[PDB]
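Accompanying notes for the structure given below.
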Amino acid sequence: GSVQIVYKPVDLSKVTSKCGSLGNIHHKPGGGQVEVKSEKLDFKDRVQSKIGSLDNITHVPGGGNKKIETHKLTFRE
Amino acid sequence: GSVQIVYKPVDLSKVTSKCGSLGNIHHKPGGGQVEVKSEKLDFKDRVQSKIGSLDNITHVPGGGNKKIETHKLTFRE
Amino acid sequence: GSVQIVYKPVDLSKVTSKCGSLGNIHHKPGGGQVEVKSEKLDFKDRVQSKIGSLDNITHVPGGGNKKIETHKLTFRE
Amino acid sequence: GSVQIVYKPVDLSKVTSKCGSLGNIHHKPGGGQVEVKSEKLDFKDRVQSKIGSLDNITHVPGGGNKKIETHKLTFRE
Amino acid sequence: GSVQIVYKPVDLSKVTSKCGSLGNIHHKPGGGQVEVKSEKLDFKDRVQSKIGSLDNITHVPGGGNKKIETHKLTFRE
Amino acid sequence: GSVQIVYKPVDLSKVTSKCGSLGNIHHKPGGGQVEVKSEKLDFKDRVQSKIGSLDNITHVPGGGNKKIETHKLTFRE
Amino acid sequence: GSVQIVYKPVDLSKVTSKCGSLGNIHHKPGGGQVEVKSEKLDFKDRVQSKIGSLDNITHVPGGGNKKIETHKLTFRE
């Protein structure tokens, strides 16, 4: 009683982006006020806590393109 | 009772980005005020805590492109 | 009862970025005020804590492109 | 009952970035004020704590490109 | 035809201020951004021009009290 | 036709200020950004021009009190 | 036709300030950024021009008190 498994994922994908020009991009924030009053914090296992923040990203890629691919062959006899 | 497994992922992907020019990108923040009053913090295991922050990224790649790929063959007899 | 396993990941990927020019990129922050009052901190195991910060990245790569790939064949008889 | 395992990852990847010119990149921060009042800190095991910081990176690579690859064959009889 | 003029201003004024204590006075500004683009300026005769300014007075007198008094006898025959 | 003029300003004024204590006075500015682009400036006669300034006075007198008094007898026959 | 003029300003003024103590006065500025681009400047006659300045006075007198007094008898026959 043979088990024969044949995983053959072929992937000829493409992800592609032509641009002429990005040009004028002003990002001109006027100041903030933030206040946070915590007493106790217990974080445990897997955490990300951005607590009490005032911030400004200006993320201008020259085409940001992204491809994700997850293959998984679990087997249990 | 033979177990024959054949994992053959072929991947001819591409991720691609032409640009002419990025040009003018002003990022001109006006100042902040942040206040954070914590008493106790216990972090444990796996943490990232950006607590009480005032900050300014200007991330301008010449095309940022990204490809992720995770293969996994677990087997349990 | 033979176990025959054959992991053959072929990967002909590419990640690619042409640019003409990046040019003018002003990042001109006006000053901050940050205040943080913690009493106790116990970090343990795996931590990253940026506490009480005021900061300014200007990360301008000439195309930042990135490829991740994780293969894993666990086997338990 | 023979166990035959054959891990043959072939990887013909490429990560690539042409640029003409990066050119004008001003990073002109105006000063900060930061205050941090901690009493006790106990860090343990694996930590990174940037506490109470005011800072300015200007990271301008000539194309920063990065490839990660982790292979792992655990086996337990 | 005699002209007899008799100016007799008597002034027994007082201006007065008792205080116990002034005590805690925090003046904690978070930073600014100002931009001014003038081409031509011609000022003439009597001017005060504070142009393009970012500033912070903290004027804490121990009682500031002020008395003005202007007398004037013009005469034209 | 005699002209008899008698200017007799008597002035018994007082300006006065008792204080116990001035005590805590924090003046803690977070940094600025100022930009001024003028082409031509012609000032003439009587001018004061504070152009393009970023500044911080902390003027704490021990009672600042001030008295002004201007007398003037013009006469034209 | 005699002109008889008698200017008799009597002035028994006082300006006065008792204080116990001035005590804690922190003046803790965080740095600035100033930019000024002028082409031509012609000042003439009576000028004061503080152009392009970043500065910090901490003027703490032990009571600053001030009295001004201007007398003037012009006469034209």
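We name chains A, B, ... following the order of the structure tokens; residues begin at 1 in each chain, and ligands are numbered from 1 as shown.
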
Using only C-alpha atoms, which residues sit within 10 Å of residue B:46 once same-chain residues fewer than 3 positions away are excluded, as a PyMOL selection string?
(chain A and resi 43-48) or (chain B and resi 43) or (chain C and resi 43-48) or (chain D and resi 46-47)

Could you take the residues named above and write them with N, CA, C and O atoms, as a PDB file, in the first residue's frame?
```pdb
ATOM      1  N   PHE A  43       3.124  42.852  29.248  1.00  0.00           N
ATOM      2  CA  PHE A  43       3.067  42.180  27.958  1.00  0.00           C
ATOM      3  C   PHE A  43       3.786  40.849  28.077  1.00  0.00           C
ATOM      4  O   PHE A  43       4.747  40.710  28.837  1.00  0.00           O
ATOM      5  N   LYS A  44       3.317  39.889  27.287  1.00  0.00           N
ATOM      6  CA  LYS A  44       3.780  38.519  27.392  1.00  0.00           C
ATOM      7  C   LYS A  44       3.619  37.851  26.025  1.00  0.00           C
ATOM      8  O   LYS A  44       2.822  38.303  25.200  1.00  0.00           O
ATOM      9  N   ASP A  45       4.405  36.786  25.795  1.00  0.00           N
ATOM     10  CA  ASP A  45       4.475  36.048  24.536  1.00  0.00           C
ATOM     11  C   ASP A  45       4.874  37.009  23.408  1.00  0.00           C
ATOM     12  O   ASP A  45       5.980  37.532  23.491  1.00  0.00           O
ATOM     13  N   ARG A  46       4.023  37.262  22.396  1.00  0.00           N
ATOM     14  CA  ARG A  46       4.415  37.998  21.195  1.00  0.00           C
ATOM     15  C   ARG A  46       3.659  39.325  21.114  1.00  0.00           C
ATOM     16  O   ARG A  46       2.463  39.331  20.851  1.00  0.00           O
ATOM     17  N   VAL A  47       4.333  40.461  21.304  1.00  0.00           N
ATOM     18  CA  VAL A  47       3.635  41.737  21.380  1.00  0.00           C
ATOM     19  C   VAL A  47       4.324  42.744  20.465  1.00  0.00           C
ATOM     20  O   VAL A  47       5.539  42.662  20.252  1.00  0.00           O
ATOM     21  N   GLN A  48       3.542  43.701  19.946  1.00  0.00           N
ATOM     22  CA  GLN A  48       4.080  44.968  19.479  1.00  0.00           C
ATOM     23  C   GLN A  48       3.203  46.070  20.051  1.00  0.00           C
ATOM     24  O   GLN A  48       2.010  46.078  19.766  1.00  0.00           O
TER      25      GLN A  48
ATOM     26  N   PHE B  43       7.726  43.315  30.523  1.00  0.00           N
ATOM     27  CA  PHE B  43       7.668  42.619  29.245  1.00  0.00           C
ATOM     28  C   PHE B  43       8.384  41.288  29.389  1.00  0.00           C
ATOM     29  O   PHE B  43       9.343  41.161  30.154  1.00  0.00           O
TER      30      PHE B  43
ATOM     31  N   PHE C  43      12.329  43.789  31.792  1.00  0.00           N
ATOM     32  CA  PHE C  43      12.270  43.069  30.527  1.00  0.00           C
ATOM     33  C   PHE C  43      12.981  41.739  30.698  1.00  0.00           C
ATOM     34  O   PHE C  43      13.939  41.624  31.465  1.00  0.00           O
ATOM     35  N   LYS C  44      12.507  40.752  29.944  1.00  0.00           N
ATOM     36  CA  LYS C  44      12.962  39.385  30.102  1.00  0.00           C
ATOM     37  C   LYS C  44      12.800  38.666  28.760  1.00  0.00           C
ATOM     38  O   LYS C  44      12.006  39.092  27.918  1.00  0.00           O
ATOM     39  N   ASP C  45      13.579  37.589  28.573  1.00  0.00           N
ATOM     40  CA  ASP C  45      13.647  36.804  27.343  1.00  0.00           C
ATOM     41  C   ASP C  45      14.053  37.719  26.180  1.00  0.00           C
ATOM     42  O   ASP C  45      15.162  38.239  26.245  1.00  0.00           O
ATOM     43  N   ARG C  46      13.205  37.939  25.157  1.00  0.00           N
ATOM     44  CA  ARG C  46      13.604  38.626  23.930  1.00  0.00           C
ATOM     45  C   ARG C  46      12.856  39.954  23.798  1.00  0.00           C
ATOM     46  O   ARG C  46      11.661  39.956  23.532  1.00  0.00           O
ATOM     47  N   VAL C  47      13.537  41.091  23.945  1.00  0.00           N
ATOM     48  CA  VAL C  47      12.846  42.374  23.972  1.00  0.00           C
ATOM     49  C   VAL C  47      13.543  43.342  23.021  1.00  0.00           C
ATOM     50  O   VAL C  47      14.757  43.243  22.814  1.00  0.00           O
ATOM     51  N   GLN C  48      12.767  44.282  22.464  1.00  0.00           N
ATOM     52  CA  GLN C  48      13.314  45.528  21.951  1.00  0.00           C
ATOM     53  C   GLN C  48      12.441  46.655  22.480  1.00  0.00           C
ATOM     54  O   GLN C  48      11.249  46.660  22.192  1.00  0.00           O
TER      55      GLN C  48
ATOM     56  N   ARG D  46      17.796  38.296  26.535  1.00  0.00           N
ATOM     57  CA  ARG D  46      18.198  38.958  25.295  1.00  0.00           C
ATOM     58  C   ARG D  46      17.455  40.285  25.137  1.00  0.00           C
ATOM     59  O   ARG D  46      16.259  40.287  24.870  1.00  0.00           O
ATOM     60  N   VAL D  47      18.138  41.424  25.263  1.00  0.00           N
ATOM     61  CA  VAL D  47      17.451  42.709  25.264  1.00  0.00           C
ATOM     62  C   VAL D  47      18.151  43.657  24.296  1.00  0.00           C
ATOM     63  O   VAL D  47      19.366  43.550  24.093  1.00  0.00           O
TER      64      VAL D  47
END
```

Might you pull out every residue within 10 Å of residue A:22, with only C-alpha atoms counted and same-chain residues fewer than 5 positions away left off, and present them as a PyMOL selection string?
(chain A and resi 60-63) or (chain B and resi 19-25) or (chain C and resi 22)

Figure out the distance between atom CA of residue C:73 and atom CA of residue A:77, please, to one decimal in Å.
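Spanning atom CA of residue A:77 to atom CA of residue C:73 is a straight-line distance of 16.2 Å.
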
Could you give me the residues within chain B that DSSP places in strand (DSSP E or B), as a PyMOL selection string?
chain B and resi 3-7+10-11+14-21+25-27+33-37+40-43+46-56+65-70+75-76

At most 10 Å to chain E: residues in chain A, only C-alpha atoms, as a short mmCIF file (atom, residue, chain, number, x, y, z; two decimals) with C-alpha atoms, in the first residue's frame:
```cif
data_model
loop_
_atom_site.label_atom_id
_atom_site.label_comp_id
_atom_site.auth_asym_id
_atom_site.auth_seq_id
_atom_site.Cartn_x
_atom_site.Cartn_y
_atom_site.Cartn_z
CA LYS A 28 4.23 69.19 5.85
CA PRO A 29 2.69 68.25 9.27
CA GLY A 30 1.91 70.86 11.94
CA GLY A 31 2.83 69.82 15.46
CA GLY A 32 0.98 67.49 17.79
CA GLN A 33 0.11 67.02 21.45
#
```

Residue neighbourhood residue B:6, 7 Å, only C-alpha atoms, exclusion window fewer than 5 positions, as a PyMOL selection string
(chain A and resi 5-7) or (chain C and resi 5-7)

Least-squares superpose chain E on chain F across all ordered C-alpha pairs, then write out what you get as a PDB file with C-alpha atoms, in the first residue's frame.
```
ATOM      1  CA  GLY E   1       0.986 143.227  28.655  1.00  0.00           C
ATOM      2  CA  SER E   2       3.100 140.869  30.780  1.00  0.00           C
ATOM      3  CA  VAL E   3       3.049 137.084  30.359  1.00  0.00           C
ATOM      4  CA  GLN E   4       3.563 135.347  33.715  1.00  0.00           C
ATOM      5  CA  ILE E   5       3.836 131.548  33.675  1.00  0.00           C
ATOM      6  CA  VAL E   6       4.346 129.367  36.746  1.00  0.00           C
ATOM      7  CA  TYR E   7       4.787 125.634  36.264  1.00  0.00           C
ATOM      8  CA  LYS E   8       4.838 123.907  39.686  1.00  0.00           C
ATOM      9  CA  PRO E   9       4.405 120.135  39.278  1.00  0.00           C
ATOM     10  CA  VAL E  10       4.713 118.479  42.683  1.00  0.00           C
ATOM     11  CA  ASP E  11       4.972 114.709  42.561  1.00  0.00           C
ATOM     12  CA  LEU E  12       5.014 112.568  45.722  1.00  0.00           C
ATOM     13  CA  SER E  13       4.361 109.304  43.885  1.00  0.00           C
ATOM     14  CA  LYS E  14       5.422 105.834  44.904  1.00  0.00           C
ATOM     15  CA  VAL E  15       5.613 102.450  43.210  1.00  0.00           C
ATOM     16  CA  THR E  16       6.238  99.565  45.403  1.00  0.00           C
ATOM     17  CA  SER E  17       6.270  95.796  45.525  1.00  0.00           C
ATOM     18  CA  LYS E  18       6.794  93.369  48.369  1.00  0.00           C
ATOM     19  CA  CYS E  19       7.317  89.701  47.555  1.00  0.00           C
ATOM     20  CA  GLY E  20       8.117  86.635  49.658  1.00  0.00           C
ATOM     21  CA  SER E  21       9.685  84.360  47.045  1.00  0.00           C
ATOM     22  CA  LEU E  22       9.742  83.757  43.278  1.00  0.00           C
ATOM     23  CA  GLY E  23      10.862  80.117  43.334  1.00  0.00           C
ATOM     24  CA  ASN E  24      10.631  77.461  40.581  1.00  0.00           C
ATOM     25  CA  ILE E  25      10.554  78.868  37.030  1.00  0.00           C
ATOM     26  CA  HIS E  26      11.411  76.373  34.291  1.00  0.00           C
ATOM     27  CA  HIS E  27      11.702  77.633  30.727  1.00  0.00           C
ATOM     28  CA  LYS E  28      12.477  74.615  28.618  1.00  0.00           C
ATOM     29  CA  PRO E  29      11.989  75.288  24.838  1.00  0.00           C
ATOM     30  CA  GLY E  30      12.287  72.524  22.221  1.00  0.00           C
ATOM     31  CA  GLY E  31      14.149  73.534  19.093  1.00  0.00           C
ATOM     32  CA  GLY E  32      12.916  75.596  16.166  1.00  0.00           C
ATOM     33  CA  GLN E  33      13.180  75.859  12.400  1.00  0.00           C
ATOM     34  CA  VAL E  34      13.089  79.275  10.692  1.00  0.00           C
ATOM     35  CA  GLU E  35      13.683  80.202   7.039  1.00  0.00           C
ATOM     36  CA  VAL E  36      13.646  83.705   5.533  1.00  0.00           C
ATOM     37  CA  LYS E  37      14.319  84.532   1.872  1.00  0.00           C
ATOM     38  CA  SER E  38      14.517  88.279   1.199  1.00  0.00           C
ATOM     39  CA  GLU E  39      15.987  89.790  -1.966  1.00  0.00           C
ATOM     40  CA  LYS E  40      16.420  93.524  -1.358  1.00  0.00           C
ATOM     41  CA  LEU E  41      16.153  95.516   1.905  1.00  0.00           C
ATOM     42  CA  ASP E  42      16.448  99.296   2.050  1.00  0.00           C
ATOM     43  CA  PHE E  43      15.939 100.634   5.579  1.00  0.00           C
ATOM     44  CA  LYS E  44      16.141 104.365   6.108  1.00  0.00           C
ATOM     45  CA  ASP E  45      15.721 106.985   8.883  1.00  0.00           C
ATOM     46  CA  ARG E  46      14.798 105.150  12.162  1.00  0.00           C
ATOM     47  CA  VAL E  47      14.422 101.349  11.980  1.00  0.00           C
ATOM     48  CA  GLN E  48      14.527  98.242  14.122  1.00  0.00           C
ATOM     49  CA  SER E  49      14.263  95.008  12.125  1.00  0.00           C
ATOM     50  CA  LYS E  50      14.590  91.686  13.854  1.00  0.00           C
ATOM     51  CA  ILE E  51      14.559  89.535  10.689  1.00  0.00           C
ATOM     52  CA  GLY E  52      14.666  85.745  10.833  1.00  0.00           C
ATOM     53  CA  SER E  53      15.069  85.057  14.545  1.00  0.00           C
ATOM     54  CA  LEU E  54      14.703  82.169  17.002  1.00  0.00           C
ATOM     55  CA  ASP E  55      15.075  83.258  20.628  1.00  0.00           C
ATOM     56  CA  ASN E  56      14.280  82.798  24.294  1.00  0.00           C
ATOM     57  CA  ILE E  57      14.165  85.426  27.046  1.00  0.00           C
ATOM     58  CA  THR E  58      13.796  84.390  30.705  1.00  0.00           C
ATOM     59  CA  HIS E  59      13.425  87.760  32.360  1.00  0.00           C
ATOM     60  CA  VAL E  60      12.835  87.296  36.057  1.00  0.00           C
ATOM     61  CA  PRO E  61      13.257  90.547  37.970  1.00  0.00           C
ATOM     62  CA  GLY E  62      12.936  90.867  41.722  1.00  0.00           C
ATOM     63  CA  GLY E  63      10.088  93.185  41.129  1.00  0.00           C
ATOM     64  CA  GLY E  64      10.366  95.222  37.984  1.00  0.00           C
ATOM     65  CA  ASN E  65       8.629  98.533  38.515  1.00  0.00           C
ATOM     66  CA  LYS E  66       8.787 101.589  36.318  1.00  0.00           C
ATOM     67  CA  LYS E  67       7.782 105.199  36.346  1.00  0.00           C
ATOM     68  CA  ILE E  68       7.778 107.564  33.383  1.00  0.00           C
ATOM     69  CA  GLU E  69       7.243 111.283  33.523  1.00  0.00           C
ATOM     70  CA  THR E  70       7.573 113.849  30.770  1.00  0.00           C
ATOM     71  CA  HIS E  71       7.089 117.556  31.344  1.00  0.00           C
ATOM     72  CA  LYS E  72       7.122 120.063  28.483  1.00  0.00           C
ATOM     73  CA  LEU E  73       6.538 123.821  28.398  1.00  0.00           C
ATOM     74  CA  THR E  74       6.755 125.042  24.828  1.00  0.00           C
ATOM     75  CA  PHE E  75       6.095 128.764  24.367  1.00  0.00           C
ATOM     76  CA  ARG E  76       5.902 130.785  21.107  1.00  0.00           C
ATOM     77  CA  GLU E  77       5.304 134.568  21.158  1.00  0.00           C
TER      78      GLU E  77
END
```
